[PDB]
Amino acid sequence: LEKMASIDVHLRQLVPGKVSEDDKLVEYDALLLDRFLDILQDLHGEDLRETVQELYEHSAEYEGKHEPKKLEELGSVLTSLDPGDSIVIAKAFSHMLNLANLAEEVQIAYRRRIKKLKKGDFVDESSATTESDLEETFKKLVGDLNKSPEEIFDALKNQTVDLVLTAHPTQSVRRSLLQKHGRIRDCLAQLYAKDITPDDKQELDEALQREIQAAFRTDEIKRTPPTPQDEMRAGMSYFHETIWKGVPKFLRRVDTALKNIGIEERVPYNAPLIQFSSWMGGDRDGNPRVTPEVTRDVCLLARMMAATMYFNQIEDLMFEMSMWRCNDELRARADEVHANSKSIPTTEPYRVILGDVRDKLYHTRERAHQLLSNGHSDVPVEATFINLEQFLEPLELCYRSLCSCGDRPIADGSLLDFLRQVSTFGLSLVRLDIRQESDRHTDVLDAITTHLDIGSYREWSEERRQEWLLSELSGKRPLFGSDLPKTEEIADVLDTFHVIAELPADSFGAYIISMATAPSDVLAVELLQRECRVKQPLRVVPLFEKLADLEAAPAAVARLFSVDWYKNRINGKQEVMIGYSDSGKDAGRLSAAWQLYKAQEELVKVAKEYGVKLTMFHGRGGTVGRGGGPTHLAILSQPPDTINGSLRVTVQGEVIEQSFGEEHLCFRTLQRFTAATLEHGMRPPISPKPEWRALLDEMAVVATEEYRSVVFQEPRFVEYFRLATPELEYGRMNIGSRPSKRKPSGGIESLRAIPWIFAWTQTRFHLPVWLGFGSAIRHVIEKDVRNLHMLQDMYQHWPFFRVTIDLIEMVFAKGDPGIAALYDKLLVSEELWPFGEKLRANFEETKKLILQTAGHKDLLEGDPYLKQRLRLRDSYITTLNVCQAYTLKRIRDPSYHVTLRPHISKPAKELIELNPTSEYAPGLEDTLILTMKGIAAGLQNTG
Amino acid sequence: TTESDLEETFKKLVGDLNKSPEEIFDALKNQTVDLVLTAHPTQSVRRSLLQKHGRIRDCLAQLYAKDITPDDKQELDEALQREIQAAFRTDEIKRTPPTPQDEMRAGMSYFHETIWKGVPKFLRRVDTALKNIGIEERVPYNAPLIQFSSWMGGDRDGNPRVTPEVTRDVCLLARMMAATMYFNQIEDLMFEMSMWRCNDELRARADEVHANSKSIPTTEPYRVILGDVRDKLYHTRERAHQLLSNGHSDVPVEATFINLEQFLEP
Amino acid sequence: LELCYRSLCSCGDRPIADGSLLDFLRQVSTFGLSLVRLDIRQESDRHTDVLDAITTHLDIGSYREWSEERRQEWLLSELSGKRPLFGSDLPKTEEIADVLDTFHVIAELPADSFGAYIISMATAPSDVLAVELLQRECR
């Protein structure tokens, strides 16, 4: 058994140098890989193991030198496998890749930071090795900006970081397989303790193998495209995993950091530095499966999870709180609770109060399980806490008392962590946002005006809409009753509003209007809210998606503030949502990014005019959605005063593991969010030179021209897209809960942005992310010999431009034109081949231009850590690519017969039997799904 | 400091006494250690003060880690002082000479603290020691190498306060703590058991259990069986709380495990 | 029951059917599910109070000052339209609350219990149309 000698060599060639000398990543992945291959040999035989290993060796050699021979050898081996062995190979490379991501997680989390590698400028904030922690951010604010610690302390007091969890665009992996990955990480880490005992080490190795097999022996398909509730619990897994415990530890570190610069107070417990929001069960844009009952469901489920967690916590709090000296107030309250009732003696008053609150917690949990599992309950209102204040009051009483008796140290222990968990998590953990297209609201209003015989709200001009909406919001007469012809959709909208009306506001964040374009969409949602008897209406949030919507958004927002009814309803607070990927699908990426910068600038000018406090909600696709070090500089790179102590970011499902799976991970996440928000608030990035703004305007025009000319003006583009890319299969298979298009018969316009990105990400081509940069940079470079220098100035001195280019370069590192060409060769008509060839030429050109801008000669020249990690994942992703290409060829072409090879080794008793009701050949559907999940998992995020 | 551990004891048995590893393994199979817990001759300390001492120990130990970070060390010191005051600021008298049941719970604290997790860890270490001398089997799971007994609620010698009702109390309280621990354990056992290849015997039983019933899908049979065992555990615990807090129950005995065999079988 | 009667007469047991079964059927038809049917009765002036509060809250005038025919006209246009008339945001005296809540209680019950809505001191068609409108707009 000396296969280990070979893969070790290959790994050491993939990652040759050392990015430090704790660089045990090759050791980690070689260990996990060898254990895995042994388990694969034991389960599925020797031949299978040798085949898979040969495949990986070739894939790694290809990632090394990129000789197309390696690709054709991988193809040669993969075509000869009967679908059973294809399944085994695909599953093999999925698990090997996951193990690679695991060794990476351990490497990053236990990489010790190097103080001496900092340069002194903003660049350092784009990598976790040189990014500032909380304390370094404090000292940078004090020394360099002459800010006083009191100003920092206030800034922290009023700052709010609101993280919004969304559903996974593809495989939200089984909570069980997450658990198994966790055990594997812990085993690795403990195995690399520099002191461990021989038996501890032996039992750790045994546990590791045991769990790698345990993970391999579980399916990753079948069942349902899990219902919105199942996805929602699968979302809240990370509250038990890390977040619930993680909040108070982070806040305590904020206290320590404040002490270490002279501040003697702590951050007040009720200060909302962290906040969590959810879309799971609320977003309806192009998702009929999110019914009103779904919303009522995840609302009550959230309240259940909250009351449960508080209940399990308050036992340990009651144990801790065994003191007897207390305030007179708390003493009287204890006499009250005891009279109105181990049995909690009156000499332990803290335990009396906390025992009563414990009662209220249990009663609330059972009441919520009865409201969800039935539709009514018997539990009266008084056995439960209805708002957060009733909950907070007795705890704050206990804190007051403890500090009264000089037991503040005791009060700053379990009690403080509990109070902060109550303030951060509320009664619901999260606040659910509802989201819906504007056109559905317009449908409802049109049905209403037609039923009232006033015209059709749809035909009305934007201002006429505004006028009718204003008169209707003014009056005292309700608008409709049950006697209204309601389509299924109209009924969905109205019933959603009623469900909102019949629930506590503690669960609801914002009403987000997708495809928002004009003030009438916002006023419309406000009116529907009031006329559906929504007691405390939600804040309305427009989502300007298309480019023109971004150009006209400040004018619409100003017009909204200028309206007295809205000006008083919003109460000096406004939240606007931007979508990096949504605008990118419309007008290319460069134009969408620059337009977003300008649009935020103008929105801030409007908010300063009308004296409203603006919060910018960053959707998916952004720079702030990459996760990790890059998020630091990305947040720093927002236009000045666009943050102002209120950040709101989408936590994409594809990153939620890299952000909240582990302890160190969650801590560093909350830390970089808080530090970035604070520093940007007190130290805005430089304002751009005007020549820069003009240059970006020209490049935006050229880029949008090329982008739309390719995606929309070329007629055969959609045929090419359907051929060279698994878009249709993703649209058909039980991968995501949402349909891939809004209208089945439309082109790319009606296609959603998630399948648009995902489709081209799968083929290692990434056309939506970089398309447009080539023609623009070429254009300005030819226009003047000097512009290049100017561009290179921006990349090195303008944070915004730097984070944009950096993202593009990183995506190019995840790309490979040769693999794309393989997809073309197997799946595209011959008369369409040159088309693709031309695109690929563009690809290469764009790459060479991006490099020239960054002053780099290789991709990711400045970040060799990331280069190493990407190289390592890629060596696994490439085989999944080829396997996917040929599998597509077989699925689409029943006339393409292959020369099969003999089967290898072992109602379902073998891997091929796990899909009975299959449409295509046995095991092809599952292989395609496997490669899609594996490639998608190995590439993570791009654009 | 110089006493023999398990493995050194093995090598002393094998090298010096010419005992075969098989003889050692058999001896272990048949050996039983029955540890009997008694009430404290004086202060059986409050379970809360146990917890506080525990936090103090953890704080000391982590404070003397040869790698610790400045902020971790500062927060550790703060936690240490905080907990020392916390312990000092609690009384240790009043109330009653705690009822035999109160002393009995205060005895069973140590199952949660260490013993419940500690037993299988030790047994696994016995397995490792057997591997290192050539034995490929493990110590059978149903072998009673460790056994626990109690006098708390049973010893009456010179003690009028141990009434028969006290005995029935500590009996049912013990069973409650047992069913509790098993229940809380079997959730993580159900998470682990997500495999799909299974025995024909297990397949048939799973088809049966699912037919007689997240909703436990039939292609995860282990989760079917263990979810059923979870059901019986819950019913047993609630039944014991009803027999203790009342004197009767409505929950039928057949919804619960009555003997160790019904429990072990699935 | 009628099935049992049909059957008995089918087998020529009509005499048996005309005994306890017939008395039972007649008791069901005479007494229904409620023995009696409850009439509601109220002064017309209370309905006028409610309509006056509504027209004042809508800033249209005071239904009270309006002549009998003008009342008739507003009542007719309102009974014609498709828009409801008011919501919880309405200044309601104790009496107005009594009237509206009475109408809601009528709405939340089976019609088997209710006979007639009787207007005491009835004087003009607007009193009747008014009660009809309040009935509809109270669902």
# chains A, B, ... in the order shown; residues from 1 in each chain; ligands from 1
call {"tool": "residues_around", "arguments": {"residues": "residue 123 of chain C", "least_positions_apart": "5", "cutoff": "12 Å", "atoms": "only C-alpha atoms", "output": "VMD selection string"}}
result
chain C and resid 43 to 45 68 128 to 129
call {"tool": "closest_atom_pairs", "arguments": {"of": "chain A", "to": "chain C", "cutoff": "7 Å", "atoms": "only C-alpha atoms", "output": "Markdown table"}}
result
| residue | atom | partner | partner_atom | distance |
| --- | --- | --- | --- | --- |
| A:452 | CA | C:82 | CA | 6.2 |
| A:476 | CA | C:58 | CA | 6.2 |
| A:477 | CA | C:86 | CA | 5.5 |
| A:478 | CA | C:84 | CA | 6.0 |
| A:479 | CA | C:83 | CA | 5.9 |
| A:480 | CA | C:83 | CA | 5.5 |
| A:481 | CA | C:84 | CA | 6.5 |
call {"tool": "select_by_dssp", "arguments": {"residues": "segment 377-430 of chain A", "states": "alpha helix (DSSP H)", "output": "mmCIF file with N, CA, C and O atoms, in the first residue's frame"}}
result
data_model
loop_
_atom_site.group_PDB
_atom_site.id
_atom_site.type_symbol
_atom_site.label_atom_id
_atom_site.label_comp_id
_atom_site.auth_asym_id
_atom_site.auth_seq_id
_atom_site.Cartn_x
_atom_site.Cartn_y
_atom_site.Cartn_z
ATOM 1 N N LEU A 388 -40.814 41.954 23.961
ATOM 2 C CA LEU A 388 -39.484 41.812 24.539
ATOM 3 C C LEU A 388 -39.331 42.554 25.863
ATOM 4 O O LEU A 388 -38.414 42.244 26.631
ATOM 5 N N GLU A 389 -40.193 43.532 26.144
ATOM 6 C CA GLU A 389 -40.025 44.329 27.354
ATOM 7 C C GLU A 389 -40.412 43.542 28.598
ATOM 8 O O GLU A 389 -39.706 43.585 29.615
ATOM 9 N N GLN A 390 -41.551 42.843 28.543
ATOM 10 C CA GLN A 390 -41.955 41.967 29.639
ATOM 11 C C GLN A 390 -40.849 40.979 29.983
ATOM 12 O O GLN A 390 -40.623 40.667 31.159
ATOM 13 N N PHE A 391 -40.153 40.471 28.962
ATOM 14 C CA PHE A 391 -39.038 39.556 29.183
ATOM 15 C C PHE A 391 -37.868 40.277 29.841
ATOM 16 O O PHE A 391 -37.312 39.806 30.839
ATOM 17 N N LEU A 392 -37.496 41.437 29.305
ATOM 18 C CA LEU A 392 -36.292 42.111 29.774
ATOM 19 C C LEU A 392 -36.421 42.617 31.207
ATOM 20 O O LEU A 392 -35.431 42.613 31.947
ATOM 21 N N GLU A 393 -37.621 43.029 31.624
ATOM 22 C CA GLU A 393 -37.745 43.769 32.881
ATOM 23 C C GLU A 393 -37.215 43.007 34.092
ATOM 24 O O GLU A 393 -36.405 43.581 34.843
ATOM 25 N N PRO A 394 -37.614 41.753 34.356
ATOM 26 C CA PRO A 394 -37.076 41.069 35.548
ATOM 27 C C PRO A 394 -35.574 40.822 35.496
ATOM 28 O O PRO A 394 -34.898 40.956 36.525
ATOM 29 N N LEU A 395 -35.028 40.460 34.333
ATOM 30 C CA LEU A 395 -33.583 40.288 34.214
ATOM 31 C C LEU A 395 -32.842 41.566 34.588
ATOM 32 O O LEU A 395 -31.911 41.544 35.405
ATOM 33 N N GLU A 396 -33.248 42.697 33.995
ATOM 34 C CA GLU A 396 -32.657 43.989 34.339
ATOM 35 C C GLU A 396 -32.837 44.316 35.811
ATOM 36 O O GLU A 396 -31.999 45.008 36.401
ATOM 37 N N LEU A 397 -33.937 43.864 36.408
ATOM 38 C CA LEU A 397 -34.084 43.988 37.851
ATOM 39 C C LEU A 397 -32.974 43.225 38.575
ATOM 40 O O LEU A 397 -32.345 43.753 39.501
ATOM 41 N N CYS A 398 -32.712 41.978 38.156
ATOM 42 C CA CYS A 398 -31.647 41.186 38.779
ATOM 43 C C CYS A 398 -30.287 41.855 38.624
ATOM 44 O O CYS A 398 -29.463 41.828 39.549
ATOM 45 N N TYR A 399 -30.024 42.439 37.452
ATOM 46 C CA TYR A 399 -28.767 43.151 37.236
ATOM 47 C C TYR A 399 -28.659 44.368 38.152
ATOM 48 O O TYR A 399 -27.620 44.590 38.793
ATOM 49 N N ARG A 400 -29.719 45.184 38.202
ATOM 50 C CA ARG A 400 -29.749 46.312 39.126
ATOM 51 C C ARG A 400 -29.421 45.863 40.541
ATOM 52 O O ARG A 400 -28.585 46.465 41.219
ATOM 53 N N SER A 401 -30.070 44.791 40.997
ATOM 54 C CA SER A 401 -29.879 44.323 42.366
ATOM 55 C C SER A 401 -28.438 43.886 42.612
ATOM 56 O O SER A 401 -27.790 44.332 43.572
ATOM 57 N N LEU A 402 -27.917 43.016 41.743
ATOM 58 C CA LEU A 402 -26.546 42.539 41.893
ATOM 59 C C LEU A 402 -25.565 43.699 41.966
ATOM 60 O O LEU A 402 -24.690 43.735 42.838
ATOM 61 N N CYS A 403 -25.709 44.674 41.071
ATOM 62 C CA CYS A 403 -24.819 45.825 41.139
ATOM 63 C C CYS A 403 -25.063 46.649 42.397
ATOM 64 O O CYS A 403 -24.130 47.272 42.915
ATOM 65 N N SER A 404 -26.294 46.642 42.916
ATOM 66 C CA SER A 404 -26.579 47.360 44.154
ATOM 67 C C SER A 404 -25.785 46.776 45.304
ATOM 68 O O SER A 404 -25.282 47.511 46.162
ATOM 69 N N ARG A 408 -21.509 43.341 40.880
ATOM 70 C CA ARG A 408 -21.357 43.582 39.449
ATOM 71 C C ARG A 408 -20.526 42.519 38.748
ATOM 72 O O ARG A 408 -20.926 42.099 37.649
ATOM 73 N N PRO A 409 -19.385 42.054 39.286
ATOM 74 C CA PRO A 409 -18.690 40.944 38.619
ATOM 75 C C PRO A 409 -19.592 39.742 38.401
ATOM 76 O O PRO A 409 -19.595 39.181 37.299
ATOM 77 N N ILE A 410 -20.389 39.356 39.402
ATOM 78 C CA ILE A 410 -21.352 38.276 39.204
ATOM 79 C C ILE A 410 -22.369 38.671 38.141
ATOM 80 O O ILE A 410 -22.801 37.841 37.329
ATOM 81 N N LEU A 416 -25.204 38.813 32.271
ATOM 82 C CA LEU A 416 -24.956 39.743 31.170
ATOM 83 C C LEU A 416 -25.057 39.044 29.816
ATOM 84 O O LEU A 416 -25.719 39.545 28.900
ATOM 85 N N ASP A 417 -24.409 37.883 29.671
ATOM 86 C CA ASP A 417 -24.534 37.119 28.431
ATOM 87 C C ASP A 417 -25.993 36.844 28.102
ATOM 88 O O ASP A 417 -26.407 36.937 26.940
ATOM 89 N N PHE A 418 -26.792 36.513 29.118
ATOM 90 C CA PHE A 418 -28.209 36.259 28.886
ATOM 91 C C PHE A 418 -28.922 37.518 28.398
ATOM 92 O O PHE A 418 -29.656 37.483 27.402
ATOM 93 N N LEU A 419 -28.710 38.645 29.085
ATOM 94 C CA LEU A 419 -29.358 39.892 28.684
ATOM 95 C C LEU A 419 -29.016 40.256 27.249
ATOM 96 O O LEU A 419 -29.895 40.615 26.455
ATOM 97 N N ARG A 420 -27.733 40.174 26.900
ATOM 98 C CA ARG A 420 -27.328 40.491 25.539
ATOM 99 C C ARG A 420 -27.952 39.527 24.542
ATOM 100 O O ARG A 420 -28.376 39.941 23.460
ATOM 101 N N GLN A 421 -28.062 38.245 24.901
ATOM 102 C CA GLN A 421 -28.730 37.310 24.001
ATOM 103 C C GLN A 421 -30.195 37.673 23.808
ATOM 104 O O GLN A 421 -30.753 37.457 22.725
ATOM 105 N N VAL A 422 -30.830 38.226 24.843
ATOM 106 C CA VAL A 422 -32.219 38.650 24.717
ATOM 107 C C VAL A 422 -32.327 39.861 23.801
ATOM 108 O O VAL A 422 -33.208 39.926 22.937
ATOM 109 N N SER A 423 -31.424 40.829 23.956
ATOM 110 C CA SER A 423 -31.493 42.035 23.137
ATOM 111 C C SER A 423 -31.141 41.748 21.679
ATOM 112 O O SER A 423 -31.785 42.273 20.760
ATOM 113 N N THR A 424 -30.115 40.931 21.451
ATOM 114 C CA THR A 424 -29.706 40.581 20.097
ATOM 115 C C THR A 424 -30.747 39.706 19.413
ATOM 116 O O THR A 424 -31.080 39.920 18.241
ATOM 117 N N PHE A 425 -31.250 38.693 20.117
ATOM 118 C CA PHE A 425 -32.099 37.692 19.491
ATOM 119 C C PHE A 425 -33.586 37.947 19.664
ATOM 120 O O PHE A 425 -34.380 37.320 18.959
#
call {"tool": "residues_around", "arguments": {"residues": "residue 224 of chain A", "least_positions_apart": "3", "cutoff": "12 Å", "atoms": "only C-alpha atoms", "output": "number ranges by chain"}}
result
A: 220-221, 227-228, 230-231, 733-737; B: 214-215, 217
call {"tool": "residues_around", "arguments": {"residues": "residue 74 of chain C", "least_positions_apart": "6", "cutoff": "10 Å", "atoms": "only C-alpha atoms", "output": "list in words"}}
result
residues 55, 63, 66, 80, 126 and 130 of chain C
call {"tool": "closest_atom_pairs", "arguments": {"of": "chain B", "to": "chain A", "cutoff": "9 Å", "atoms": "only C-alpha atoms", "output": "Markdown table"}}
result
| residue | atom | partner | partner_atom | distance |
| --- | --- | --- | --- | --- |
| B:47 | CA | A:319 | CA | 8.2 |
| B:48 | CA | A:319 | CA | 5.5 |
| B:49 | CA | A:319 | CA | 8.8 |
| B:51 | CA | A:319 | CA | 7.9 |
| B:52 | CA | A:320 | CA | 7.5 |
| B:71 | CA | A:256 | CA | 6.9 |
| B:72 | CA | A:253 | CA | 8.8 |
| B:74 | CA | A:256 | CA | 7.9 |
| B:75 | CA | A:256 | CA | 7.4 |
| B:78 | CA | A:409 | CA | 8.1 |
| B:79 | CA | A:413 | CA | 7.3 |
| B:81 | CA | A:409 | CA | 7.8 |
| B:82 | CA | A:409 | CA | 5.0 |
| B:83 | CA | A:410 | CA | 7.0 |
| B:85 | CA | A:410 | CA | 7.2 |
| B:86 | CA | A:410 | CA | 5.8 |
| B:87 | CA | A:322 | CA | 8.3 |
| B:88 | CA | A:323 | CA | 8.9 |
| B:89 | CA | A:323 | CA | 5.6 |
| B:90 | CA | A:323 | CA | 4.7 |
| B:91 | CA | A:324 | CA | 7.2 |
| B:94 | CA | A:347 | CA | 8.9 |
| B:95 | CA | A:345 | CA | 7.9 |
| B:102 | CA | A:342 | CA | 7.1 |
| B:124 | CA | A:203 | CA | 8.4 |
| B:125 | CA | A:199 | CA | 7.7 |
| B:128 | CA | A:199 | CA | 6.9 |
| B:129 | CA | A:199 | CA | 8.2 |
| B:191 | CA | A:176 | CA | 5.6 |
| B:192 | CA | A:176 | CA | 6.9 |
| B:193 | CA | A:214 | CA | 8.2 |
| B:194 | CA | A:218 | CA | 5.7 |
| B:195 | CA | A:218 | CA | 4.7 |
| B:196 | CA | A:218 | CA | 6.4 |
| B:197 | CA | A:909 | CA | 5.9 |
| B:198 | CA | A:909 | CA | 7.7 |
| B:203 | CA | A:907 | CA | 8.7 |
| B:214 | CA | A:230 | CA | 7.3 |
| B:217 | CA | A:223 | CA | 8.0 |
| B:219 | CA | A:907 | CA | 8.4 |
| B:220 | CA | A:218 | CA | 9.0 |
